[PDB]
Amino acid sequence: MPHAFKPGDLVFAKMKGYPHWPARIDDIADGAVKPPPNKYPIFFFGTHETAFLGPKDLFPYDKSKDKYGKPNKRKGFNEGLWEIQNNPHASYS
């Protein structure tokens, strides 16, 4: 059975007006801004941007990749697919 989301989990994350996007749950570094209650720091592959999202917008990668893991026109998306598949836990600082 599923656990709660934890840092390092790989997902497709959904934001209004964007396709389901390859992403990971990030750690919060010492001294970094914490997310609001019930929200997780989401690191979007390809764009390398962070947003705060709740579980309703988070689709586990393994279950969802056959639906969502296909090339997309959008800037950064295809780069994002390479990263989640090939080096999802790297530093993209």
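Quick note: we count residues from 1 along the sequence shown, nothing fancier.
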### Message
Test of understanding: from the entry's C-alpha B-factors, which stretch has the higher mean, 27 to 35 or 50 to 58?
### Response
27 to 35
### Query
Which has higher Cα B-factors on average according to the PDB entry: 40 to 48 or 64 to 72?
64 to 72
### Query
If you rank every modelled residue in this chain by C-alpha B factor, which third holds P88: lowest, middle or highest?
lowest
### Query
Which third of the chain holds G8 when residues are ordered by C-alpha B factor: lowest, middle or highest?
lowest
